[PDB]
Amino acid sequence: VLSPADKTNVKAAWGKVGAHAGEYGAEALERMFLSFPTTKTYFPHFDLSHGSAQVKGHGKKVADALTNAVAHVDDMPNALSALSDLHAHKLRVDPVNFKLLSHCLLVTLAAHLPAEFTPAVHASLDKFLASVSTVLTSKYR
């Protein structure tokens, strides 16, 4: 459950990504595919090599989905209903994978945005990414 501080922290941290959203989204995917190779099973149709056009393009969608989620932080079940249908109804993604992607997203943010990645922001983004994960892995329609 997001506190006012968390929502504020996430908006400021994610807003600092801006143009570099797709690339951090693509790197978080590559970090997940390397560290946790079982997550690769969800993408058999993907070329998962380095500098992949599919992973780069998928990373952009993931980051734009997170952007949209930031802009609708108080209304994610309605704003992310299409992605909840995708990951919970169609893909049936085990929620452990959402924890691993979230962690990899946090690792990517930690590496590229050190000045922004404070303990408070880390806490707030972890809560945000956990809130989003709950919405995408839940069947609620």
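Rigid core: the largest C-alpha set superposing within 1.5 Å between the two forms. A residue's number is simply how far along the shown sequence it sits, counting from 1.
**Student:** Between 81 to 89 and 99 to 107, which has the larger RMS C-alpha deviation from this form in 6 other deposited structures of this protein after core superposition?
**Tutor:** Looking at 99 to 107 and 81 to 89 in 6 other deposited structures of this protein, the bigger mover is 81 to 89.
**Student:** Using only C-alpha atoms and the B-factors in the entry, which stretch averages higher, 113 to 121 or 18 to 26?
**Tutor:** Between 113 to 121 and 18 to 26, it is 18 to 26.
**Student:** Using the B-factors recorded in the PDB entry, average over the C-alpha atoms of 130 to 138 and of 3 to 11, then report which stretch comes out higher.
**Tutor:** Between 130 to 138 and 3 to 11, it is 3 to 11.
**Student:** Maximum C-alpha temperature factor per the entry, among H103, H50, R31, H87, belongs to which one?
**Tutor:** The listed residue with the largest C-alpha B-factor is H50.
**Student:** Give the position of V73 by CA B-factor within its chain, expressed as the lowest, middle or highest third.
**Tutor:** Top third by C-alpha B-factor.
**Student:** Lowest, middle or highest third: where is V55 by C-alpha B factor in its chain?
**Tutor:** Its C-alpha B-factor belongs to the highest third of this chain's values.
**Student:** Sorting the chain's CA B-factors, does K61 end up in the lowest, middle or highest third?
**Tutor:** It falls in the top third of the chain.
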